[PDB]
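See below for the structure under consideration.
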Amino acid sequence: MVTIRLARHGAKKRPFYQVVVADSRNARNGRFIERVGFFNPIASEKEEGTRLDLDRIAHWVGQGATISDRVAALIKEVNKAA
Amino acid sequence: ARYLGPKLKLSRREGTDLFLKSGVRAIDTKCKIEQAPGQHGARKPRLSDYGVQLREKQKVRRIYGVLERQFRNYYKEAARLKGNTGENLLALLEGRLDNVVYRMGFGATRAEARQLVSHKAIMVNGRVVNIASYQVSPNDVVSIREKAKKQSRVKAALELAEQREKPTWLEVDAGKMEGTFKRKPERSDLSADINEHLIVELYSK
Amino acid sequence: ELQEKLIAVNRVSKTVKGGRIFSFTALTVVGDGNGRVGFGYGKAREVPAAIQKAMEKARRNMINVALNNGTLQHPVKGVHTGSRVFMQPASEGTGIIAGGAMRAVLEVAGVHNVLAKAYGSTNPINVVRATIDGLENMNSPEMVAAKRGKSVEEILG
Amino acid sequence: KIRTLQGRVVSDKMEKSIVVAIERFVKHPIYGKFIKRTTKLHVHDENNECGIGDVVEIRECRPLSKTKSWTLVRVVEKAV
Amino acid sequence: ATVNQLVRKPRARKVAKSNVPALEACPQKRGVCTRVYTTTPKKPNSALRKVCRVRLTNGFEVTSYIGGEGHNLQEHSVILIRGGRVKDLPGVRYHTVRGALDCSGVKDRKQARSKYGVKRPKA
Amino acid sequence: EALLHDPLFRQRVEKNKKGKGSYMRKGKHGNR
Amino acid sequence: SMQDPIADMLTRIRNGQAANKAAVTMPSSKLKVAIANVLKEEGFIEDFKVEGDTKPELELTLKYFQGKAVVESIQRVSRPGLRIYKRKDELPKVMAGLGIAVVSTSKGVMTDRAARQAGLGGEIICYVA
RNA sequence: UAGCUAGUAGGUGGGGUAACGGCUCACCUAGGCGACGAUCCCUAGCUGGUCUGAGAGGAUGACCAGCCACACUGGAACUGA
RNA sequence: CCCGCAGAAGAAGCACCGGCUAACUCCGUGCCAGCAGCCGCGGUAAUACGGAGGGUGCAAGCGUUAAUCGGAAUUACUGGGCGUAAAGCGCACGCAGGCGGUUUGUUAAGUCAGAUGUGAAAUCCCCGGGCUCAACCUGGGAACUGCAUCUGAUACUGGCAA
Ligand SMILES: [Mg+2]
Ligand SMILES: [Mg+2]
Ligand SMILES: [Mg+2]
Ligand SMILES: [Mg+2]
Ligand SMILES: [Mg+2]
Ligand SMILES: [Mg+2]
Ligand SMILES: [Mg+2]
Ligand SMILES: [Mg+2]
Ligand SMILES: [Mg+2]
Ligand SMILES: [Mg+2]
Ligand SMILES: [Mg+2]
Ligand SMILES: [Mg+2]
Ligand SMILES: [Mg+2]
Ligand SMILES: [Mg+2]
Ligand SMILES: [Mg+2]
Ligand SMILES: [Mg+2]
Ligand SMILES: [Mg+2]
Ligand SMILES: [Mg+2]
Ligand SMILES: [Mg+2]
Ligand SMILES: [Mg+2]
Ligand SMILES: [Mg+2]
Ligand SMILES: [Mg+2]
Ligand SMILES: [Mg+2]
Ligand SMILES: [Mg+2]
C-alpha cells in the first residue's frame with residue numbers, strides 16, 4: 001500500500017531524510033508520489049531541524065497510507081502543532 | 001601547495017616590492033633587486049601581449065600566495081557575482097583570512113600570517129580556525145587565542161605594522177590582540193598598483 | 001599624452017633587376033584615451049625608421065568617436081575589405097575582449113569594456129580600417145535625438 | 001468539451017470507414033518557417049456519410065479496428 | 001541560401017574521420033612487433049628512422065615509430081602502441097611508448113624522462 | 001648493388017644560404 | 001513580382017536617401033500608410049502625402065539633418081517567405097534602444113517599446129536604425 | 001534501398017481477454033501505406049540530464065532517478081491480485 | 001573534534017624554454033644521432049637534437065595519447081557564398097509544393113495576452129543555512145524555452161464571401 005517514510009539523502013555519515021509518500025515496494029530513494037517535508041537528525045540548535053506539511057500528512061492518512069515508525073515519532077516530536 | 005622557495009626572487013621578475021620579505025631593510029640594501037631577475041635578466045625583455053596580462057596575473061598570485069587551481073576558482077565566483085568582476089576578485093582575495101591577519105599587523109608577512117593561522121593560533125568570531133582560505137564575513141571579529149599571547153611574533157609584527165597605511169575597512173586593537181572586520185573593502189581603497197582589468201581578460205581568452 | 005601603439009610590422013619586397021629590396025611596413029595606432037583615435041601606416045627601408053614615419057601619419061588622421069564613459073553606445077558592424085568586424089557595448093562587460101589588431105585600437109581609443117569578434121579576414125591593416133570605420137559610424141543618444149524626435153530622454157524611454 | 005478536429009477526406013473507397021487528411025501548420029524547430037503538414041486518420045462513419053474531398057468534424061472515440069479510432073460527427077461543406 | 005530549400009534538405013556537415021584507426025577510444029594498444037626495421041624520410045629530411053610493423057591485438061597490422069635514442073626490440077616483443085603521426089615517414093601514424101610492457105626505457109636520459117619512461121637518477 | 005641501391009645512398013644536395021635557391025620566408029627565427 | 005509591397009516601400013526609402021532625393025512615391029495601401037505614420041511619429045520621415053483617388057500615390061518626403069541621411073539602416077525583418085513573431089519579452093532593442101522596430105500587434109502598428117508599454121507583441125515588420 | 005503487404009485495409013457474425021481491437025476464425029468487399037520517405041540494410045536502450053558553447057546548436061547520454069527489455073539459448077504454460 | 005608531549009624534526013616532483021605561447025647561452029654530435037602538434041629544425045659557430053647551469057608554467061600532481069565540443073561565420077536558423085577563386089541545370093514549358101496586388105465585411109486556425117493543469121525529484125542559476133572554510137549537503141524560489149484546454153485582442157498571415 002501507500003506509505004509515508006524516509007529517504008536517506010546526504011553524505012557519508014551526514015544523513016538527511018526527505019519524508020516522501022511512495023508505494024511500499026520501492027527502493028527507498030526512487031519513485032515517489034510526493035515528498036512532504038524533511039528531517040535532519042544531525043541538526044543544530046538552530047531554527048530548523050524538522051519540517052512537516054501536516055495538512056498533507058493527515059490528507060494521506062485519510063487516503064489509507066501507513067506512517068513509518070520513525071516518521072510516526074516525528075508527529076509525536078512536533079506534537080502536532082509545535 | 002605552497003611556494004617554498006626564495007621569496008624576493010618573485011619580486012625580481014615583477015620589478016617591484018611585493019612585501020613578502022618585509023621586516024625593516026627595504027630591498028636587500030644591496031646588490032640586485034628591482035632589476036635583473038635571473039642570469040640573463042640584465043638583458044631587458046620585450047614583454048609580449050600575453051606576458052603583460054600574464055605578469056599582471058602572476059604578480060597578484062605571488063602577493064596572496066594563491067595557486068592557479070585555487071585562484072581560478074575565485075574567478076568563477078567573481079564572474080558569476082553581480083557588479084564589476086574585476087573588482088570582486090580583489091574583494092574575495094581581500095576577504096581571504098591570511099590577508100585579514102596580515103592587515104591586522106598580527107603577522108609581518110602574508111606567509112607568517114599563514115603560519116599563525118595554520119598552527120591554530122587565531123580564533124575568528126571566537127572559534128579557532130586554521131583555514132587560510134577562510135573568506136571572512138563582513139561585520140565580524142578576528143582574534144588571537146591565548147596560546148599565541150605575546151609569543152614573540154605578535155609583539156614583533158604589530159610594532160612593525162606602524163609604518164603601514166592602517167587599512168580603513170578594518171579596526172585592529174593593538175593591545176588587546178583582537179581585530180574587527182568592518183565593511184567590504186572598496187576598490188579604490190586598496191593598493192591600486194594592480195591593473196585588475198588585465199586579469200579578467202586573461203581568463204576570458 | 002597621446003598613447004602611441006605598435007600593432008604589426010612586416011617585410012615587403014620589390015624585386016629589382018639585381019636582387020630584391022626589403023621595405024618594412026609599420027602599422028601603428030595613436031589615440032588620446034577619450035574617443036579620439038588615429039592609425040598611421042608607413043614604410044621605409046628600416047624598421048625604426050618606419051614606426052617614426054607611421055607616428056607622423058597617425059596624428060594626421062585623428063578621428064573623434066563618442067563613448068559612454070569608457071564603452072560604446074550601441075553594438076555596431078565594421079565591414080572593410082573582407083573584414084566583418086563586430087563590436088558589442090558590454091555595459092561593464094569588464095575588459096577589452098577583442099582579438100589581435102582590434103584590441104590595440106580600442107585600448108588607445110579610451111574604451112575599456114567591449115565584446116568583439118573579428119569575423120572574416122584577420123589582416124591587421126584591414127581590421128584597423130574596420131574598427132576605425134566601425135567606431136565613427138556609431139551614433140550618440142544626443143546625436144540621434146538631435147536628428148529626429150528632439151528630446152534625448154523621450155526617444156530613449 | 002468535445003475536442004473535435006477538422007480535416008479533409010483523402011479517400012472514401014472503403015466500407016463503413018473513411019481515411020481523412022488533417023493539415024497542421026507546424027513551426028519548424030531549427031529554422032523559423034511555419035511549414036504545412038498532413039496527417040492521415042481512419043474515420044469511422046455510419047453508412048457512407050461523407051463523399052470525397054470534403055471537410056468533416058471528427059472526434060476521437062473508443063478504439064475500433066486495427067489502427068482506426070476516429071469517428072465523424074458532421075460533414076460540413078460536402079461534395080456539392 | 002533559401003530556408004525553404006533547407007527544410008527539404010538540411011545542412012549536413014561531413015563527419016571528420018579519426019587520424020588513427022586504432023579501435024576507437026582506446027588510447028593505447030598492445031602489439032606483437034614483427035619485423036623491426038629502419039627507413040628513410042621524405043625529401044626535406046634524412047635519417048634511419050627506427051620503426052616496427054606491429055600486429056595489433058584487435059586484428060590490424062600497422063607500422064609504428066620507435067621513439068628515443070636506441071631501442072631494445074626484436075622479432076617478437078610485446079610493445080604498447082600510442083597514437084601520433086610523424087608526418088615525415090609515409091604511413092607511420094603511431095608511436096611506441098618507451099618504458100611500457102616489454103619495450104624498455106631509453107638509456108642515460110635526463111631532461112624529459114617521463115616521456116621515454118626513465119625513472120630517476122638514484123645517486 | 002642492392003646494398004648500394006638502398007634508398008639511403010642517394011646524392012644529397014644542400015640548400016646554399018646565398019645564391020640560386022637561397023630565399024627564406026622567415027628563417028630560423030622571426031623575432032619582432 | 002511585387003510579392004511583398006511593404007519591402008517595396010522600404011527600398012524606396014533606402015534608395016531615396018542614397019539618391020539625395022526629396023520625396024518618394026509609391027502605390028498606397030493601408031498597411032503602408034500605417035507604417036509611415038509610425039515613421040512620422042518617431043521623426044524618421046517628414047510629413048507624408050496620400051494624394052490619389054482610385055490609384056492612390058502615397059508620397060513620403062525624406063529627411064536630412066546635418067547634410068546626411070536620417071534613415072540610414074532600414075531592413076524588413078518579417079519577410080513573406082519567413083515570418084517572425086516575438087512575444088512580449090522576446091521583443092528586440094534596435095541600436096540598444098536608439099533605433100525603433102516597427103511591430104504590428106493587436107492594437108495596431110506601434111514601436112517596440114510602445115508594444116512593450118501596452119504589454120503585447122506580434123509581427124516585427126522592420127528594424128529602422 | 002521505390003514499390004511494400006494478402007490476416008494484409010474494412011464489414012457482419014461466432015469465439016476469446018481483466019478490457020477494446022483481425023487478437024483469432026468463416027464469408028463478402030478490394031483495398032491500406034508511400035516522395036511531408038513506405039519496405040530494406042546498418043547502427044542504437046529512451047529520458048531527466050551531462051560536456052562544451054555568448055546564444056543558437058553539436059556531441060554524448062557512466063554514476064543518481066523514472067520507464068522499457070533481458071536473466072545459459074530458443075519456445076510455451078501453470079500457480080497467482 | 002578538543003588537551004598534552006619534541007629537534008623543524010617525517011612531507012617536492014613534472015613538462016617546457018625557435019615562433020604560435022610565458023622562459024636563455026654555453027658545451028657534445030655534425031642532414032649522422034634525434035626532435036615534432038603545424039611552419040620546419042640538425043651539413044663541425046644549433047636559443048629547436050643530447051647534457052649542464054639558469055628561468056618559466058603548474059604543483060601531489062604534471063605531461064602524453066584517445067574522445068567531444070570550441071577557435072571553424074571551414075554546413076553560416078541566429079551567422080556564408082555562386083562573372084574570374086569550389087559553386088547558375090544548355091534552354092523552355094510545367095503538376096505537387098513555396099509565395100503572392102488592392103478594398104470591405106466576417107470567422108478566429110497561425111499570432112499576442114491572462115489563467116488553470118502538467119512540465120516528477122535531483123541537477124543548471126538566485127538569496128539563505130549547516131559540516132573549522134570550501135568541495136559536498138540542503139530550504140524556499142525561479143526555471144523547465146514545451147503541450148493542451150478555457151476566456152479575450154484580432155491589426156498582420158490563412159480561410160470564406162463580395
Ligand atoms: Mg589541490
Ligand atoms: Mg594612404
Ligand atoms: Mg490494436
Ligand atoms: Mg467481433
Ligand atoms: Mg462477440
Ligand atoms: Mg560559436
Ligand atoms: Mg542519441
Ligand atoms: Mg555500469
Ligand atoms: Mg543507464
Ligand atoms: Mg553467463
Ligand atoms: Mg618568447
Ligand atoms: Mg636543447
Ligand atoms: Mg634547471
Ligand atoms: Mg577540432
Ligand atoms: Mg559551428
Ligand atoms: Mg564561404
Ligand atoms: Mg546560363
Ligand atoms: Mg554540362
Ligand atoms: Mg494577402
Ligand atoms: Mg496561398
Ligand atoms: Mg498561450
Ligand atoms: Mg536546491
Ligand atoms: Mg513561457
Ligand atoms: Mg475572391
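Labeling convention for the C-alpha cells: chains A, B, ... as they appear, residues from 1 per chain, ligands from 1 in order of appearance.
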Quiz item: When the cut-off is 12 Å and we count only C-alpha atoms, which residues of chain E are near chain D, given as JSON, numbers by chain?
Solution: {"E": [2, 3, 4, 5, 6, 7, 8, 10, 11]}
Using the selection just defined, write its residues with C-alpha atoms as an mmCIF file, in the first residue's frame.
```cif
data_model
loop_
_atom_site.group_PDB
_atom_site.id
_atom_site.type_symbol
_atom_site.label_atom_id
_atom_site.label_comp_id
_atom_site.auth_asym_id
_atom_site.auth_seq_id
_atom_site.Cartn_x
_atom_site.Cartn_y
_atom_site.Cartn_z
ATOM 1 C CA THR E 2 16.778 29.651 -49.265
ATOM 2 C CA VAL E 3 15.321 28.441 -45.981
ATOM 3 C CA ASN E 4 12.565 26.682 -47.932
ATOM 4 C CA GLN E 5 15.336 24.657 -49.584
ATOM 5 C CA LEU E 6 16.802 23.810 -46.173
ATOM 6 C CA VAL E 7 13.603 22.259 -44.808
ATOM 7 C CA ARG E 8 13.668 19.951 -47.847
ATOM 8 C CA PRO E 10 19.072 20.146 -44.200
ATOM 9 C CA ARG E 11 22.579 21.412 -43.580
#
```
Exercise. Please identify every residue of chain F that has at least one atom no more than 12 Å from any atom of chain I, counting only C-alpha atoms (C1' of nucleotides), and report them as JSON, numbers by chain.
Key: {"F": [8, 11, 12, 13, 14, 15, 16, 17, 24, 25, 26, 27, 28, 29, 30, 31, 32]}
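For ligand 1, the neighbouring polymer residues at 9 Å or closer are residues 1, 67, 69 and 70 of chain B; 59, 60 and 61 of chain I, only C-alpha atoms (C1' of nucleotides) and all ligand atoms being used.
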Suppose we keep N, CA and C atoms (P, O5', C5', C4', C3', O3' and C1' of nucleotides); can you now write the selection as a PDB file, in the first residue's frame?
```pdb
ATOM      1  N   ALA B   1      51.649  22.616  -2.158  1.00  0.00           N
ATOM      2  CA  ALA B   1      50.517  23.562  -2.250  1.00  0.00           C
ATOM      3  C   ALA B   1      50.911  24.938  -1.743  1.00  0.00           C
ATOM      4  N   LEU B  67      47.509  29.567  -5.410  1.00  0.00           N
ATOM      5  CA  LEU B  67      47.913  28.786  -6.570  1.00  0.00           C
ATOM      6  C   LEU B  67      46.893  28.955  -7.691  1.00  0.00           C
ATOM      7  N   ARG B  69      45.118  26.729  -9.441  1.00  0.00           N
ATOM      8  CA  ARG B  69      43.889  25.960  -9.346  1.00  0.00           C
ATOM      9  C   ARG B  69      42.903  26.696  -8.444  1.00  0.00           C
ATOM     10  N   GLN B  70      43.421  27.316  -7.390  1.00  0.00           N
ATOM     11  CA  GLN B  70      42.565  27.988  -6.424  1.00  0.00           C
ATOM     12  C   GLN B  70      42.147  29.379  -6.861  1.00  0.00           C
TER      13      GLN B  70
ATOM     14  P     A I  59      48.515  24.932  -9.469  1.00  0.00           P
ATOM     15  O5'   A I  59      49.376  23.725  -8.882  1.00  0.00           O
ATOM     16  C5'   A I  59      49.141  22.369  -9.315  1.00  0.00           C
ATOM     17  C4'   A I  59      50.193  21.442  -8.747  1.00  0.00           C
ATOM     18  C3'   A I  59      50.326  21.435  -7.234  1.00  0.00           C
ATOM     19  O3'   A I  59      49.342  20.595  -6.630  1.00  0.00           O
ATOM     20  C1'   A I  59      52.471  21.613  -8.198  1.00  0.00           C
ATOM     21  P     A I  60      48.939  20.808  -5.087  1.00  0.00           P
ATOM     22  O5'   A I  60      49.824  19.728  -4.315  1.00  0.00           O
ATOM     23  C5'   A I  60      49.243  18.494  -3.847  1.00  0.00           C
ATOM     24  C4'   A I  60      49.315  17.441  -4.928  1.00  0.00           C
ATOM     25  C3'   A I  60      48.703  16.090  -4.574  1.00  0.00           C
ATOM     26  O3'   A I  60      48.110  15.524  -5.739  1.00  0.00           O
ATOM     27  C1'   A I  60      51.000  15.814  -5.069  1.00  0.00           C
ATOM     28  P     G I  61      46.620  15.960  -6.168  1.00  0.00           P
ATOM     29  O5'   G I  61      46.833  17.365  -6.893  1.00  0.00           O
ATOM     30  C5'   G I  61      47.004  17.450  -8.323  1.00  0.00           C
ATOM     31  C4'   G I  61      48.447  17.742  -8.665  1.00  0.00           C
ATOM     32  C3'   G I  61      48.743  17.853 -10.150  1.00  0.00           C
ATOM     33  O3'   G I  61      48.456  19.161 -10.639  1.00  0.00           O
ATOM     34  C1'   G I  61      50.324  16.415  -9.151  1.00  0.00           C
TER      35        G I  61
END
```
Quiz item: Quick one: residues within 12 Å of ligand 4, with only C-alpha atoms (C1' of nucleotides) and all ligand atoms, as a ChimeraX atom specification?
Solution: /D:64-65 /H:11-16,20-26
Exercise. Could you report the residues within 9 Å of ligand 20, using only C-alpha atoms (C1' of nucleotides) and all ligand atoms, as a ChimeraX atom specification?
Key: /I:99-100,158
Quiz item: Taking only C-alpha atoms (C1' of nucleotides) and all ligand atoms into account, which residues are within 10 Å of ligand 15, as a PyMOL selection string?
Solution: (chain E and resi 13) or (chain H and resi 53+56-58) or (chain I and resi 69-70+72-76+79)
With N, CA, C and O atoms (P, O5', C5', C4', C3', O3' and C1' of nucleotides) retained, write the just-selected residues as a PDB file, in the first residue's frame.
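What landed in out_1.pdb:
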```pdb
ATOM      1  N   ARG E  13      26.930  18.681 -42.119  1.00  0.00           N
ATOM      2  CA  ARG E  13      28.375  18.770 -42.007  1.00  0.00           C
ATOM      3  C   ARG E  13      28.960  17.362 -42.039  1.00  0.00           C
ATOM      4  O   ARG E  13      28.540  16.486 -41.277  1.00  0.00           O
TER       5      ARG E  13
ATOM      6  P     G H  53      33.688  26.104 -23.309  1.00  0.00           P
ATOM      7  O5'   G H  53      32.558  26.567 -24.335  1.00  0.00           O
ATOM      8  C5'   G H  53      32.848  26.700 -25.740  1.00  0.00           C
ATOM      9  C4'   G H  53      31.630  27.189 -26.491  1.00  0.00           C
ATOM     10  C3'   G H  53      30.951  28.434 -25.946  1.00  0.00           C
ATOM     11  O3'   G H  53      31.619  29.632 -26.320  1.00  0.00           O
ATOM     12  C1'   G H  53      29.313  26.818 -26.464  1.00  0.00           C
ATOM     13  P     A H  56      20.469  28.923 -26.032  1.00  0.00           P
ATOM     14  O5'   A H  56      20.488  28.803 -27.622  1.00  0.00           O
ATOM     15  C5'   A H  56      19.560  29.547 -28.442  1.00  0.00           C
ATOM     16  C4'   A H  56      19.881  29.347 -29.907  1.00  0.00           C
ATOM     17  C3'   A H  56      19.925  27.901 -30.379  1.00  0.00           C
ATOM     18  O3'   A H  56      18.622  27.420 -30.706  1.00  0.00           O
ATOM     19  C1'   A H  56      21.859  29.029 -31.137  1.00  0.00           C
ATOM     20  P     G H  57      18.367  25.839 -30.855  1.00  0.00           P
ATOM     21  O5'   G H  57      19.323  25.408 -32.056  1.00  0.00           O
ATOM     22  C5'   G H  57      19.842  24.068 -32.148  1.00  0.00           C
ATOM     23  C4'   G H  57      21.257  24.093 -32.678  1.00  0.00           C
ATOM     24  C3'   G H  57      22.003  22.772 -32.585  1.00  0.00           C
ATOM     25  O3'   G H  57      21.707  21.920 -33.689  1.00  0.00           O
ATOM     26  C1'   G H  57      23.357  24.493 -31.706  1.00  0.00           C
ATOM     27  P     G H  58      21.672  20.325 -33.480  1.00  0.00           P
ATOM     28  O5'   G H  58      23.202  19.928 -33.268  1.00  0.00           O
ATOM     29  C5'   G H  58      24.163  20.051 -34.339  1.00  0.00           C
ATOM     30  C4'   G H  58      25.547  19.694 -33.846  1.00  0.00           C
ATOM     31  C3'   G H  58      25.672  18.333 -33.177  1.00  0.00           C
ATOM     32  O3'   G H  58      25.839  17.291 -34.135  1.00  0.00           O
ATOM     33  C1'   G H  58      26.704  19.966 -31.817  1.00  0.00           C
TER      34        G H  58
ATOM     35  P     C I  69      32.203  16.858 -32.204  1.00  0.00           P
ATOM     36  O5'   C I  69      32.108  18.252 -31.438  1.00  0.00           O
ATOM     37  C5'   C I  69      30.888  18.650 -30.782  1.00  0.00           C
ATOM     38  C4'   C I  69      31.144  19.797 -29.831  1.00  0.00           C
ATOM     39  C3'   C I  69      31.834  21.021 -30.407  1.00  0.00           C
ATOM     40  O3'   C I  69      30.937  21.868 -31.117  1.00  0.00           O
ATOM     41  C1'   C I  69      32.826  20.474 -28.337  1.00  0.00           C
ATOM     42  P     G I  70      31.513  22.905 -32.204  1.00  0.00           P
ATOM     43  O5'   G I  70      32.404  23.910 -31.344  1.00  0.00           O
ATOM     44  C5'   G I  70      31.799  24.815 -30.393  1.00  0.00           C
ATOM     45  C4'   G I  70      32.855  25.694 -29.760  1.00  0.00           C
ATOM     46  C3'   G I  70      33.733  26.460 -30.736  1.00  0.00           C
ATOM     47  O3'   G I  70      33.102  27.670 -31.152  1.00  0.00           O
ATOM     48  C1'   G I  70      35.091  25.400 -29.112  1.00  0.00           C
ATOM     49  P     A I  72      37.128  32.011 -35.303  1.00  0.00           P
ATOM     50  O5'   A I  72      36.176  30.915 -35.959  1.00  0.00           O
ATOM     51  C5'   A I  72      36.719  29.696 -36.506  1.00  0.00           C
ATOM     52  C4'   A I  72      35.664  28.961 -37.299  1.00  0.00           C
ATOM     53  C3'   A I  72      34.520  28.368 -36.482  1.00  0.00           C
ATOM     54  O3'   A I  72      33.323  28.408 -37.255  1.00  0.00           O
ATOM     55  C1'   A I  72      35.664  26.633 -37.604  1.00  0.00           C
ATOM     56  P     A I  73      32.021  29.160 -36.680  1.00  0.00           P
ATOM     57  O5'   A I  73      31.513  30.037 -37.911  1.00  0.00           O
ATOM     58  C5'   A I  73      31.301  29.444 -39.207  1.00  0.00           C
ATOM     59  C4'   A I  73      31.381  30.496 -40.291  1.00  0.00           C
ATOM     60  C3'   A I  73      32.692  31.274 -40.382  1.00  0.00           C
ATOM     61  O3'   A I  73      32.956  31.612 -41.743  1.00  0.00           O
ATOM     62  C1'   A I  73      30.920  32.769 -39.919  1.00  0.00           C
ATOM     63  P     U I  74      34.279  31.047 -42.469  1.00  0.00           P
ATOM     64  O5'   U I  74      33.841  29.619 -43.026  1.00  0.00           O
ATOM     65  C5'   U I  74      33.427  28.565 -42.133  1.00  0.00           C
ATOM     66  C4'   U I  74      33.759  27.218 -42.728  1.00  0.00           C
ATOM     67  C3'   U I  74      33.504  26.025 -41.821  1.00  0.00           C
ATOM     68  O3'   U I  74      32.135  25.624 -41.923  1.00  0.00           O
ATOM     69  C1'   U I  74      35.645  25.834 -42.825  1.00  0.00           C
ATOM     70  P     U I  75      31.483  24.674 -40.803  1.00  0.00           P
ATOM     71  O5'   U I  75      29.997  24.442 -41.329  1.00  0.00           O
ATOM     72  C5'   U I  75      29.130  25.561 -41.612  1.00  0.00           C
ATOM     73  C4'   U I  75      27.745  25.085 -41.992  1.00  0.00           C
ATOM     74  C3'   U I  75      27.117  24.034 -41.079  1.00  0.00           C
ATOM     75  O3'   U I  75      25.712  24.263 -40.980  1.00  0.00           O
ATOM     76  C1'   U I  75      27.206  23.208 -43.286  1.00  0.00           C
ATOM     77  P     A I  76      25.134  25.191 -39.800  1.00  0.00           P
ATOM     78  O5'   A I  76      25.433  26.671 -40.306  1.00  0.00           O
ATOM     79  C5'   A I  76      25.006  27.818 -39.547  1.00  0.00           C
ATOM     80  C4'   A I  76      25.157  29.080 -40.367  1.00  0.00           C
ATOM     81  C3'   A I  76      24.426  29.096 -41.701  1.00  0.00           C
ATOM     82  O3'   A I  76      23.061  29.462 -41.503  1.00  0.00           O
ATOM     83  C1'   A I  76      26.600  30.042 -41.918  1.00  0.00           C
ATOM     84  P     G I  79      22.809  37.334 -37.118  1.00  0.00           P
ATOM     85  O5'   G I  79      23.427  36.381 -38.236  1.00  0.00           O
ATOM     86  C5'   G I  79      24.450  36.858 -39.133  1.00  0.00           C
ATOM     87  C4'   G I  79      25.114  35.699 -39.847  1.00  0.00           C
ATOM     88  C3'   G I  79      24.187  34.675 -40.499  1.00  0.00           C
ATOM     89  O3'   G I  79      24.827  34.162 -41.663  1.00  0.00           O
ATOM     90  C1'   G I  79      25.562  33.590 -38.929  1.00  0.00           C
TER      91        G I  79
END
```
Chain C near chain H within 12 Å: what's each residue's closest atom pair and its distance in Å to one decimal, counting only C-alpha atoms (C1' of nucleotides), ordered by chain then ascending residue number, as CSV?
```
residue,atom,partner,partner_atom,distance
C:88,CA,H:54,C1',11.1
C:90,CA,H:54,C1',11.6
C:93,CA,H:54,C1',11.7
C:115,CA,H:54,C1',9.6
C:116,CA,H:54,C1',10.8
C:117,CA,H:54,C1',11.0
```
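Set the cut-off at 10 Å, count only C-alpha atoms (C1' of nucleotides), and the residues of chain I near chain A turn out to be residues 120, 121, 129, 130, 131, 136, 137, 138 and 139 of chain I.
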Quiz item: Do you know which residues are within 10 Å of ligand 9 using only C-alpha atoms (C1' of nucleotides) and all ligand atoms? Can you write them as a PyMOL selection string?
Solution: chain H and resi 45-46+61-63
Generate the output file for the selected residues, N, CA and C atoms (P, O5', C5', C4', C3', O3' and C1' of nucleotides), as a PDB file, in the first residue's frame.
```
ATOM      1  P     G H  45      23.604   0.337 -27.191  1.00  0.00           P
ATOM      2  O5'   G H  45      22.107   0.403 -26.647  1.00  0.00           O
ATOM      3  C5'   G H  45      21.541   1.648 -26.199  1.00  0.00           C
ATOM      4  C4'   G H  45      20.037   1.621 -26.332  1.00  0.00           C
ATOM      5  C3'   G H  45      19.340   2.912 -25.939  1.00  0.00           C
ATOM      6  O3'   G H  45      19.365   3.861 -27.000  1.00  0.00           O
ATOM      7  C1'   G H  45      18.242   1.098 -24.907  1.00  0.00           C
ATOM      8  P     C H  46      19.563   5.421 -26.667  1.00  0.00           P
ATOM      9  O5'   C H  46      18.137   5.881 -26.128  1.00  0.00           O
ATOM     10  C5'   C H  46      16.997   5.946 -27.010  1.00  0.00           C
ATOM     11  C4'   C H  46      15.773   6.404 -26.252  1.00  0.00           C
ATOM     12  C3'   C H  46      15.934   7.684 -25.451  1.00  0.00           C
ATOM     13  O3'   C H  46      15.805   8.852 -26.254  1.00  0.00           O
ATOM     14  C1'   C H  46      14.896   6.056 -24.102  1.00  0.00           C
ATOM     15  P     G H  61      27.169   7.443 -25.451  1.00  0.00           P
ATOM     16  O5'   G H  61      26.915   7.934 -23.957  1.00  0.00           O
ATOM     17  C5'   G H  61      25.843   7.388 -23.166  1.00  0.00           C
ATOM     18  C4'   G H  61      25.189   8.482 -22.358  1.00  0.00           C
ATOM     19  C3'   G H  61      23.974   8.068 -21.543  1.00  0.00           C
ATOM     20  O3'   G H  61      24.401   7.517 -20.301  1.00  0.00           O
ATOM     21  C1'   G H  61      23.620  10.180 -22.584  1.00  0.00           C
ATOM     22  P     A H  62      24.295   5.936 -20.035  1.00  0.00           P
ATOM     23  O5'   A H  62      25.450   5.670 -18.968  1.00  0.00           O
ATOM     24  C5'   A H  62      26.182   4.430 -18.947  1.00  0.00           C
ATOM     25  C4'   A H  62      27.229   4.458 -17.856  1.00  0.00           C
ATOM     26  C3'   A H  62      26.713   4.760 -16.458  1.00  0.00           C
ATOM     27  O3'   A H  62      26.185   3.598 -15.827  1.00  0.00           O
ATOM     28  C1'   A H  62      28.614   6.092 -16.891  1.00  0.00           C
ATOM     29  P     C H  63      24.907   3.731 -14.861  1.00  0.00           P
ATOM     30  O5'   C H  63      25.459   4.552 -13.612  1.00  0.00           O
ATOM     31  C5'   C H  63      26.564   4.055 -12.831  1.00  0.00           C
ATOM     32  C4'   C H  63      27.010   5.094 -11.829  1.00  0.00           C
ATOM     33  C3'   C H  63      25.913   5.683 -10.958  1.00  0.00           C
ATOM     34  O3'   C H  63      25.620   4.829  -9.853  1.00  0.00           O
ATOM     35  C1'   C H  63      27.308   7.417 -11.773  1.00  0.00           C
TER      36        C H  63
END
```
If you take only C-alpha atoms and all ligand atoms and a cut-off of 12 Å, which residues of chain B touch ligand 11, and what are their nearest atom pairs and distances in Å to one decimal, in chain and number order, as a tab-separated table?
```
residue	atom	partner	partner_atom_place_in_ligand_line	distance
B:45	CA	ligand 11	1 (Mg)	8.9
B:46	CA	ligand 11	1 (Mg)	8.3
B:47	CA	ligand 11	1 (Mg)	8.4
B:48	CA	ligand 11	1 (Mg)	7.5
B:49	CA	ligand 11	1 (Mg)	10.5
B:50	CA	ligand 11	1 (Mg)	9.9
B:51	CA	ligand 11	1 (Mg)	8.9
```
Practice problem: Using only C-alpha atoms (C1' of nucleotides), determine which residues lie at most 9 Å from residue 107 (chain G), disregarding the query and same-chain residues fewer than 4 positions distant; provide the list as a list in words. | Solution: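 Skipping anything fewer than 4 positions along the chain leaves residues 115, 118 and 120 of chain G; 153, 154 and 155 of chain I.
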Practice problem: Skip residue 65 (chain E) itself and residues of its chain fewer than 2 positions away, then list as a PyMOL selection string all residues within 6 Å of it, counting only C-alpha atoms (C1' of nucleotides). | Solution: chain E and resi 51+95-96
File of the preceding selection, N, CA, C and O atoms, as a compact mmCIF listing (two decimals), in the first residue's frame:
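Result went into selection-v7.txt, see below:
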```txt
# COMPACT_ATOMS: atom_id res chain seq x y z
N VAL E 51 61.70 1.91 -36.91
CA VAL E 51 60.28 1.62 -36.73
C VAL E 51 60.08 0.12 -36.60
O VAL E 51 61.05 -0.64 -36.51
N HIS E 95 52.95 5.90 -32.46
CA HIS E 95 54.22 5.91 -31.75
C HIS E 95 54.25 4.71 -30.80
O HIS E 95 53.23 4.08 -30.54
N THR E 96 55.44 4.42 -30.29
CA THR E 96 55.63 3.32 -29.36
C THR E 96 56.10 3.89 -28.02
O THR E 96 57.09 4.63 -27.97
```
